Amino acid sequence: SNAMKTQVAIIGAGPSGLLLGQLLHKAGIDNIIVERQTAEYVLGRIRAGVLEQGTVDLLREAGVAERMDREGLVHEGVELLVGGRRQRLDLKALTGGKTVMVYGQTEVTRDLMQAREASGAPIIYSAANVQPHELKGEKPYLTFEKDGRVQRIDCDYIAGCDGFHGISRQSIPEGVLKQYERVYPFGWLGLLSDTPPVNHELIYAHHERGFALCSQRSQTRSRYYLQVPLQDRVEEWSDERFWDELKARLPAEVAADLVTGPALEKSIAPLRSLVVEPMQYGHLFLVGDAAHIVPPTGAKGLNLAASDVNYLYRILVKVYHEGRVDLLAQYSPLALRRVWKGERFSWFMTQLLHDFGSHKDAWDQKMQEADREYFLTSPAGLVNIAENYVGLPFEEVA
């Protein structure tokens, strides 16, 4: 058949692709989203839960915040647990007013999907072998297969919002991108349960046996994590083994108040820090997990995706409304400045709260311990953590 036509072709219907598309459509910039999996499959992913104010603001601007505001929970603080002691970080007081919002990525994604349904902005699911073409040409395009037919999308710009295993990043020629990576010797084993959270705020716990995070998605939906060796598989961890181990890494007081229950979802995510430079090539712009990855210890993943969306969205508005086509050259510079800040903090928190075993020498272990002392005791240290946790500012586009 004949080629579909739009202004911005978006690869990936995850939070990045959907939010970008929603913001663009509201601003009168035509876009089409193509996604490899089914709508159901995308919604089945249990991932992030902590939204920085910048992300919340973007969602409000996109006009998809009614449910987030009603069913989400503003968290004014977080706890770091070292040596069995519970240290609360009053993010609100430490930052002079900032907070975080606990609302599931799945929920955010569902809201964005319902909003796109209402607008009628085209979105195509179960699209196989999406390939971008003529990234340097003036007329880039996408091809894909669906319903046993090759389909084409002509556009001006391509936004690669296709995640860690996307096609976007891989479509850029060799030499162009440079990669910076740190692979951690552990993953997070996550368990979502239909049970009351043990605390009204997140508890990041460092314990001799290893790291543990007590989290949640609502007043009736809990999310717990344990660091685990890379070899470990989710089949080796029954619901009971996970509950017992979580209990062993928490103080007796918290262990007793913990209400356990069957896992609605359980899986292991390997931890890695990854960044590519630049985050664009010609008319293709990499957004979110397609460009960078962080360990979730700082709750920065989805929030960095959102800042990437922020910058590309505000540049594109000026490209089409003010004809400033060349402003797109500042996308990577802007995005990367904030990516490195979040990457730094995510790296810092991972080093601070995890058991590295033989992967760190004796000196580095002592420095981990002295950092745990200093950062949770010094008022300036607590302020260092709090201001990073709530999310550093977005810079203005010139």
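Don't overthink the numbering: it's just position in the shown sequence, from 1.
Asks: Higher average CA B factor in the deposited record is what I'm after, so tell me if that's 76 to 84 or 311 to 319.
Replies: Higher mean C-alpha B-factor in the PDB entry: 76 to 84.
Asks: Would you mind comparing 21 to 29 and 8 to 16 for me and telling me which has the higher average C-alpha temperature factor in the entry?
Replies: It is 21 to 29.
Asks: When the CA B-factors of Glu181, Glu277, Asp289, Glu71 are compared as recorded in the entry, which is the largest?
Replies: In the PDB entry, the greatest C-alpha B-factor among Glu181, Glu277, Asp289, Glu71 is found at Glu71.
Asks: According to the deposited entry, which of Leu271, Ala306, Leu112, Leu230 has the largest Cα B-factor?
Replies: Of the candidates given, the C-alpha B-factor peaks at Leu230.
Asks: Would you check the entry's CA temperature factor for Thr377 and let me know if it's in the chain's lowest, middle or highest third?
Replies: CA B-factor rank for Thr377: highest third.
Asks: In terms of the CA temperature factor given in the entry, to which third of its chain does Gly49 belong: lowest, middle or highest?
Replies: Middle third.
Asks: Which third of the chain does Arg67 land in by C-alpha B-factor: lowest, middle or highest?
Replies: It belongs to the highest third of the chain when residues are ordered by C-alpha B-factor.
Asks: Where does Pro296 sit by CA temperature factor within its chain: lowest, middle or highest third?
Replies: Lowest third - that is where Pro296 ends up once the chain's C-alpha B-factors are sorted.
Asks: Taking the chain's C-alpha temperature factors as the reference, tell me which third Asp162 falls into: lowest, middle or highest.
Replies: Tercile = lowest for this residue's CA B-factor.
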